[PDB]
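Peer 1:
2 protein chains.
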Amino acid sequence: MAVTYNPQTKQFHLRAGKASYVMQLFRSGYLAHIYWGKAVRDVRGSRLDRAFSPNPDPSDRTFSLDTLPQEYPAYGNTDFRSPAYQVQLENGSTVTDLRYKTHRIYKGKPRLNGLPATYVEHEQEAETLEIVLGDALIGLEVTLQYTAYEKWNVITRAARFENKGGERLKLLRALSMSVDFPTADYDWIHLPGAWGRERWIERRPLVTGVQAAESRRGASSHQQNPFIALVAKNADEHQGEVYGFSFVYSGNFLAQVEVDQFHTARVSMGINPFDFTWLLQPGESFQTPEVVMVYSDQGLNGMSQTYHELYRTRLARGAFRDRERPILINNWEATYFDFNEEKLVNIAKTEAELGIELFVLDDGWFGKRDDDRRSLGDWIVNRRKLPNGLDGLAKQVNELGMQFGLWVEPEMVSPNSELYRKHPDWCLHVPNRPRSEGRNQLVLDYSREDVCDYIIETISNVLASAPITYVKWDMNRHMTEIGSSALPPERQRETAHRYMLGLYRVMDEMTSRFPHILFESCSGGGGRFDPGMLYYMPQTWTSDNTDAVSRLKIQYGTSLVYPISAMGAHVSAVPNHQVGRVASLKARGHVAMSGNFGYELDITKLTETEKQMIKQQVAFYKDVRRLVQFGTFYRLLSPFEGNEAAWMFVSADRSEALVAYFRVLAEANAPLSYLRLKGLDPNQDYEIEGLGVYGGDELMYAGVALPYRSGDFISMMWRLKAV
Amino acid sequence: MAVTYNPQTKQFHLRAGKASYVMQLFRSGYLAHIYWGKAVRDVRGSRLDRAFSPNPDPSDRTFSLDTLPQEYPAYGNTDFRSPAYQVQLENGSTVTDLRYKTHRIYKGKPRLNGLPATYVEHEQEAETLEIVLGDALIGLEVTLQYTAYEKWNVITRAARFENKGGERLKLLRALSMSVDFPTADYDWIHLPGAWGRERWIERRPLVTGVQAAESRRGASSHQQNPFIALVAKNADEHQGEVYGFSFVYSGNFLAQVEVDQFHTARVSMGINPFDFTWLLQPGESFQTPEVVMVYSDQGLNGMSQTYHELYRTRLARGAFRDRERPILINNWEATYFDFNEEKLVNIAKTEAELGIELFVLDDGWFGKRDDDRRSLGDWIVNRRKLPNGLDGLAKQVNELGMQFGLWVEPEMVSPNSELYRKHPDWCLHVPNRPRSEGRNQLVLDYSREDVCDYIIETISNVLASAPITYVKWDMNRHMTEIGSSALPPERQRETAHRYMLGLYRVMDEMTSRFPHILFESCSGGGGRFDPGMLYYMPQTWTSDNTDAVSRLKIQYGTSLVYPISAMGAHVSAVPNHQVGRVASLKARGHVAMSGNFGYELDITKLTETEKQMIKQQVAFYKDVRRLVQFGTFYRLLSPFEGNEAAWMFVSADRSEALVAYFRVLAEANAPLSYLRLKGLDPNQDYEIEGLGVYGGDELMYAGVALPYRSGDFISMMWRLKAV
């Protein structure tokens with residue numbers, strides 16, 4: 001929180017939790033990066053003169069922008085490294101020369117225009133530094149925005165551009181931050197994946213050159229999550245230096261590390277410059293989304309725990325932010341599309357009898373929507389299928405003791421829909437080109453006000469028509485032929501970002517209009533599982549893959565950044581679907597109860613003993629839900645490192661914990677296995693259900709001797725309680 | 001050489017040496033990459053349908069451009085991977101849709117407009133395939149150019165764009181090639197470095213994401229050489245699959261591997277799209293430089309040996325292409341700038357007595373040039389320092405038995421020069437911005453015809469004024485504030501490439517005007533050591549660092565791509581300069597005689613015994629020069645893998661070889677060391693000077709027991725001759 005500027009040293013010192021982030025003004029208004037790491041009281045701000057690194061000041065051959073470590077570097081006036089931003093002028097030049105002009109420090113944390121951002125509830129929680137840079141010749145101002153939190157090791161960064169000149173300025177690249185580390189002796193971690201296998205942890209040594217994760221899909225994507233980290237060579241889950249970079253944005257991104265000839269590592273992150281430009285007319289401004297930067301010297305768990313608390317309590321919003329989330333059941337595979345009102349209610353009684361709390365109605369309740377082909381965009385209740393509308397169904401579900409929820413997919417329109425026939429120009433498209441389809445549908449142009457107003461109107465008409473208290477908001481394709489008939493040629497490349505701004509406006513309006521609704525975002529599973537979406541909808545469908553073994557990796561990687569409260573995990577029926585696997589009902593429960601728990605099956609196909617297990621799972625999860633959704637989460641064993649996965653949840657006072665252990669392909673006649681715990685009070689004794697009493701110190705330093713077992717999938721869960 | 005198209009399968013099969021490269025037409029004119037590897041007689045051209057990979061043809065949901073492996077992919081109509089090219093239309097859209105139109109196959113290999121390229125001397129040496137692609141809507145034609153050599157495992161690739169429509173087309177990205185490998189189970193190799201330490205070999209696993217080497221310096225650079233390779237996980241110097249990609253271009257480049265969600269590896273290479281655009285008015289065309297693609301299953305030595313033969317004999321040109329290169333001495337450090345005619349001649353007699361063949365006159369012979377500060381651009385002989393001009397000095401040097409050579413730096417101009425005062429607009433600059441300097445100098449705008457004509461005129465006036473037979477052409481800074489007052493705003497970003505085209509025109513004219521001159525390119529050492537420069541000047545100054553130990557790495561890495569004939573290596577005096585090291589005259593000779601050999605010292609400071617060693621080194625190198633410069637080169641031990649370096653040269657008939665061994669920091673009481681040779685006839689016996697007679701089989705399979713030695717730097721060289 002404690003942000004200072006020392007006029008003698010011209011140094012900015014941002015103290016965030018137990019971390020320091022230090023910058024310093026250098027020569028004629030350059031802004032240098034000095035340090036970011038464990039908190040220091042002070043740090044004083050060599051060899052900037054290097055062969056083939058040229059001199060911006062002919063009178064001063066002591067430095068180059070090619071060697072000075074910076075906060076917001078440009079290319080073209082002596083730095084040859086990857087720039088944080090680039091601007092093209094009317095004369096075609098791309099040379100810009102920002103210098104420090106002034107700064108201000110204030111308590112609290114500002115909102116970002118049109119954008120999600122971490123926030124504070126009290127000014128005392130953080131302090132913000134704004135450093136105003138300017139290129140006087142062209143009238144370009146860039147304000148670097150920094151916030152340091154008191155309680156957490158969190159620095160947040162963004163940049164705001166403003167054209168204070170009399171000419172057009174075209175932003176070709178506008179990243180949210182850039183930081184030059186003094187060495188490149190780190191591994192990097194990022195989170196690549198695909199549909200059905202999101203956010204695998206990938207750790208790699210750095211190369212001398214560039215390495216990056218990005219999305220060009222108009223959505224943050226299944227393929228790369230907008231998160232990267234630099235980690236010390238020897239750092240692991242429990243110890244060591246880790247620097248995380250998390251982009252609070254749900255569209256295209258670039259997350260990059262470039263290592264230069266002097267083995268310094270430039271980390272940068274922001275809206276993907278690929279296929280992007282932004283035109284600033286005189287007087288216009290551009291605000292980047294923010295990047296949330298976390299430091300820990302307590303390994304990956306230390307970093308994750310920071311993100312979890314920050315994101316759960318100061319990014320997610322609304323009535324359910326700090327509330328236990330309902331155990332839900334999705335009633336899709338009960339019917340695919342095949343539905344009408346008579347079934348649904350008895351089904352709801354069966355589900356209610358098992359203790360399930362929320363009944364969700366899936367796709368095909370609307371219009372002529374009856375495969376992945378039709379009526380998207382026409383959001384009126386198909387009053388054949390539900391003649392009594394949503395109201396009659398919902399109210400009965402409520403009188404059964406369950407909440408009622410609904411699926412929507414408002415960003416899509418079917419070529420065969422009334423909306424498309426009335427307004428074909430309302431989809432993203434480019435002149436004279438075929439309109440490529442994903443799952444037989446097109447993308448609505450949310451860069452347009454009329455489109456957004458129409459969606460707000462139409463979805464509100466549905467949501468206010470029944471006592472709905474949960475909505476799953478799905479988006480099931482990525483953008484092609486990106487353009488808008490409502491933008492001029494010179495702004496066409498703003499389409500993807502304006503689309504996201506439009507979606508953000510729409511979601512902000514929808515969640516405000518319906519404060520009693522828990523919204524869960526979805527994009528073919530976890531295709532937009534990012535901090536930007538979390539600001540609008542406090543939980544997310546983690547993956548369409550609900551296979552127990554597959555979920556071990558998906559949940560483990562997702563937890564690197566995202567709080568368990570946001571991480572949807574459901575028990576589904578087997579034969580599994582994406583993969584093909586058979587694991588016990590017990591086992592799938594064990595994996596799913598390690599997330600935000602729910603069900604995704606046909607209850608009409610269950611044996612009494614199965615429903616009986618489900619009744620027990622539900623009762624069990626209710627007992628540990630506060631611990632799972634709000635406790636401190638520790639990863640113990642990594643499925644990316646072998647055949648085991650293990651993790652645990654610990655209460656704030658360390659008096660209670662829940663431990664989960666998994667092993668795949670356990671061999672015959674195998675060595676005994678052990679599990680060392682973390683996060684307990686070493687001087688406290690704990691009762692482990694079914695295993696007796698152990699010292700916290702015994703559990704952490706010697707570990708639990710795991711009951712010997714062998715088989716295709718071992719799954720164990722234990723509750724711990726201080727004696 | 002043997003290039004075919006099968007109309008039944010719609011498959012193109014390029015047979016180059018012992019390699020196959022196969023492509024196939026797919027659906028409505030898409031061009032797919034099928035295979036590249038060891039030669040096959042035939043190869044027949050799954051799961052292109054993938055979640056979130058959308059369909060370009062709504063009637064055909066069997067594929068996506070996001071999954072089809074391609075030769076020249078675009079972004080925007082269903083491929084979300086890194087595109088090979090991108091074009092912006094007047095309407096601001098960037099969507100383009102090239103489809104196959106036609107193709108032609110012919111014998112031989114074309115020249116590339118304005119550009120260097122590998123060539124043939126007889127049509128039988130290669131065959132060329134041109135595949136014509138087109139986007140009918142916009143009138144964009146792209147011809148993919150492929151050449152397959154008969155004798156070598158070499159495919160060369162480039163693309164030629166042409167606007168056959170009636171609107172402006174802006175190329176935002178125009179890479180020379182792109183290839184989608186079916187897996188990413190490879191390491192990559194690239195050649196990062198810095199001034200004084202060029203082309204270190206860096207081998208890294210691939211990441212799921214992008215990794216790239218690039219230059220933004222307007223020159224290929226010391227920092228990254230324009231070469232990358234994919235290599236099998238277990239491949240080494242002697243065995244295993246290797247795919248090399250070498251860019252025949254001396255300016256900005258990007259060399260990239262992007263691995264997608266399905267673990268396919270897209271390798272692409274060409275002019276760096278960063279800060280680049282190219283405007284095509286109707287009727288205009290753009291030719292990319294070529295990329296030379298080499299396959300070997302005989303490890304890195306197999307690949308390198310291909311590049312060496314191809315580049316030495318079918319890229320380098322001129323009278324000296326196949327000629328032994330002179331042992332030269334540079335007379336700089338004899339005087340720094342401090343010179344006049346009286347010294348030079350006696351010096352030349354001393355040097356001639358030692359057997360040195362070429363006398364070179366360094367910087368400061370011209371104008372008011374007397375530190376790294378002045379008179380650059382004013383290329384008239386300072387007739388104080390040399391009152392009898394270059395002619396009198398040269399002719400005397402010739403009567404002493406030595407050739408005479410000269411240093412020039414024609415791309416630079418000093419702010420304090422007459423040229424700059426008459427034409428300040430002739431430097432690269434942007435309107436109203438400071439002109440950043442590198443070594444007190446500015447860069448001439450070679451994108452301008454008047455500038456280029458002036459240089460051709462001025463340098464020719466000097467070169468025709470004396471019997472000069474060697475020129476070192478140096479360039480000692482990189483481009484900043486890139487722009488031209490002779491281009492309109494809409495073409496400003498063409499400046500860097502037009503500059504390089506200008507330099508190429510200038511060098512082509514200069515080497516043609518002076519066919520008796522051996523030209524050696526230089527850029528603060530090996531700052532533009534690339535195949536583009538080799539086409540104009542058949543050798544290159546490898547590095548300004550002449551330290552023996554440092555050169556082990558520099559020469560080892562340079563040899564990965566470049567023939568030893570091109571690799572300048574000189575013995576210099578110690579205390580070494582860049583580093584600070586003391587190695588024996590013997591040792592420095594050993595490292596330098598493993599390249600294109602020469603001297604860089606003050607002969608006036610040598611002891612009789614030293615000159616006596618030099619006289620012996622010179623005689624020795626003359627004896628092995630043909631073997632070193634034109635023999636087959638094998639790397640044996642890597643200084644990137646430990647404290648040893650070793651390599652050898654073998655004659656074409658395998659009757660003669662030269663072996664060199666080096667070890668740094670050899671410990672006391674160390675294990676015995678051995679060296680296994682390569683490339684000999686196992687059934688032949690060889691005499692090793694000073695070690696007796698050995699079977700070729702013994703030498704390769706059991707190896708040489710190295711004479712035990714210990715010390716800071718061990719250096720050994722042996723001549724082998726078949727008994």
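Residue numbers (PDB author numbering), protein chains in the order written: chain A, 1 to 45, 50 to 727; chain A', 1 to 45, 50 to 727. A prime marks a further copy of an entry chain. We put the CB at the ideal spot given by N, CA and C, even for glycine.
Find the residues of chain A that neighbour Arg221(A'), judging by a C-beta separation of less than 7 Å, and give them in chain order.
Peer 2: Ordered by position in chain A, the residues that pass the 7 Å Cβ test against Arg221(A') are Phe84.
Peer 1: Determine whether the beta carbon atoms of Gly306(A') and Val235(A') lie at a separation below 8 Å.
Peer 2: Their beta carbons are not under 8 Å apart, which means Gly306(A') does not touch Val235(A') by this criterion.
Peer 1: Short check: CB of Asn157(A) to CB of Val296(A), under 8 Å?
Peer 2: No, the Cβ-Cβ distance between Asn157(A) and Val296(A) is not below 8 Å.
Peer 1: Using 8 Å for Cβ pairs, my map puts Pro209(A) next to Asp184(A). What's the rounded Cβ distance?
Peer 2: That belief does not hold up - the Cβ atoms of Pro209(A) and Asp184(A) are roughly 19 Å apart, past 8 Å.
Peer 1: For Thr212(A), which residues in chain A' fall below 7 Å Cβ to Cβ?
Peer 2: Residues of chain A' passing the Cβ test: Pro196 and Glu206.
Peer 1: Which residue marks the beginning of the beta strand (DSSP E) containing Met571(A'), and which one marks its end?
Peer 2: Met571(A') -> beta strand (DSSP E) spans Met571 to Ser576.
Peer 1: Could you confirm whether any beta carbon from chain A is found closer than 8 Å to the beta carbon of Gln74(A')?
Peer 2: So, not an interface residue.
Peer 1: Answer yes or no: do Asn167(A') and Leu133(A') have a C-beta to C-beta separation smaller than 8 Å?
Peer 2: Their beta carbons are not under 8 Å apart, which means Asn167(A') does not touch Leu133(A') by this criterion.
Peer 1: List, in chain order, every chain A' residue whose beta-carbon is nearer than 8 Å to that of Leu141(A).
Peer 2: Here the neighbours are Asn436 and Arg437.
Peer 1: Going along chain A in order, which residues have a C-beta closer than 7 Å to the C-beta of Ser440(A')?
Peer 2: By Cβ distance, chain A contributes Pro58, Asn59, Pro60, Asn81 and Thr82.
Peer 1: I'd like the list of long-range same chain contacts for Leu102(A), defined as Cβ closer than 8 Å, with 5 residues on each side in sequence excluded.
Peer 2: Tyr76, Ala78, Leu137, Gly138, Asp139, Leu144 and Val146.
Peer 1: Does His581(A) come out as helix, strand or coil in the three-state DSSP assignment?
Peer 2: In this structure, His581(A) counts as coil in the three-state DSSP scheme.
Peer 1: Where does the unbroken beta strand (DSSP E) through residue 49(A) begin, and where does it stop?
Peer 2: Any structural detail on residue 49(A) is unavailable, because chain A resumes at 50 straight after 45.
Peer 1: Can you pull the chain A residues whose beta carbon is under 9 Å from the beta carbon of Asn334(A'), in chain order?
Peer 2: Here the premise fails: no neighbours, minimum Cβ distance about 19 Å.
Peer 1: Less than 8 Å between CB atoms is the rule here; does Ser576(A') satisfy it with respect to chain A?
Peer 2: No, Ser576(A') does not count as interfacial toward chain A.
Peer 1: What does DSSP give as the partner residue(s) for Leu640(A') in the beta ladder?
Peer 2: For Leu640(A'), which the question treats as bridged, DSSP gives no partner whatsoever.
Peer 1: Is it buried or exposed for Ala88(A'), if we count other Cβ within 10 angstroms and need 16 for buried?
Peer 2: Classification for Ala88(A'): buried.
Peer 1: Whose CA, out of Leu564(A), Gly561(A), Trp545(A) and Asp342(A), lies closest to the CA of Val575(A)?
Peer 2: It is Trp545(A) whose Cα lies nearest to the Cα of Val575(A).
Peer 1: Name the two residues that bound the continuous beta strand (DSSP E) containing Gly694(A').
Peer 2: Here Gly694(A') belongs to no beta strand (DSSP E), and DSSP marks it neither H nor E.
Peer 1: Run the CB neighbour count on residue 48(A), radius 10 Å, all protein chains shown included, and call it buried at 16 or more, exposed below.
Peer 2: Residue 48(A) cannot be placed in this structure, since chain A goes from 45 to 50 without the numbers between.
Peer 1: Tell me whether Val595(A) sits in a helix, a strand or coil according to DSSP, three-state version.
Peer 2: If DSSP states are grouped into helix, strand and coil, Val595(A) belongs with the helices.
Peer 1: Touch check for the stretch 603-610 of chain A and the stretch 516-529 of chain A: three-plus C-beta pairs under 8 Å?
Peer 2: No, they do not touch.
Peer 1: Using a cut-off of 7 Å between C-beta atoms, extract the partners of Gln228(A') located in chain A.
Peer 2: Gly213, listed in chain order.
Peer 1: Check each candidate in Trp282(A), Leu365(A), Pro120(A) and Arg164(A) and name the one with the smallest Cα separation from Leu175(A).
Peer 2: Checking every option, the nearest Cα to that of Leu175(A) belongs to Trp282(A).
Peer 1: In this structure, what does DSSP give as the bridge partners for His107(A)?
Peer 2: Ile135(A), per the DSSP bridge assignment.
Peer 1: Count Cβ pairs between the stretch 625-633 of chain A' and the stretch 668-680 of chain A' that sit closer than 8 Å; are there 3 or more?
Peer 2: No, the stretch 625-633 of chain A' does not touch the stretch 668-680 of chain A'.
Peer 1: Which word fits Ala468(A), buried or exposed, when buried means at least 16 other C-beta atoms lie within 10 angstroms of its C-beta?
Peer 2: By the neighbour-count rule (16 or more Cβ atoms within 10 Å), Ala468(A) is not buried but exposed.
Peer 1: What span of residues does the alpha helix (DSSP H) with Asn6(A) cover, start to end?
Peer 2: No alpha helix (DSSP H) holds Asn6(A); the beta strand (DSSP E) holding it covers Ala2 to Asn6.
Peer 1: So, are the CB atoms of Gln228(A) and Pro277(A) less than 8 Å apart?
Peer 2: No, they are not a contact pair.
Peer 1: Give me the residue from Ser300(A'), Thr608(A') and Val91(A') with the minimum Cα distance to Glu171(A').
Peer 2: Checked all of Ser300(A'), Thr608(A') and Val91(A'); the closest Cα to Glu171(A') is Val91(A').
Peer 1: Could you check what DSSP says for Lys557(A) in three-state terms: helix, strand or coil?
Peer 2: Residue state, collapsed to three classes: helix.
Peer 1: So, using beta-carbon positions, are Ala152(A') and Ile275(A') closer together than 8 Å?
Peer 2: No, these two residues do not count as a Cβ contact at 8 Å.
Peer 1: Should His126(A') be labelled buried (16 or more other beta-carbon atoms within 10 Å of its own) or exposed?
Peer 2: Exposed is the call here.
Peer 1: I'd like to check one pair, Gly561(A') with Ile205(A'): are the Cβ atoms closer than 8 Å?
Peer 2: Result yes, Cβ atoms of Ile205(A') and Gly561(A') sit closer than 8 Å.
Peer 1: Which partner residues of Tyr678(A) appear in the DSSP bridge assignment?
Peer 2: Answer by DSSP bridge pairing, in chain order: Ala709(A).
Peer 1: Which chain A' residues are close to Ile486(A), counting only those with a beta carbon under 9 Å from its beta carbon?
Peer 2: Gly80, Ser97, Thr98 and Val99, listed in chain order.
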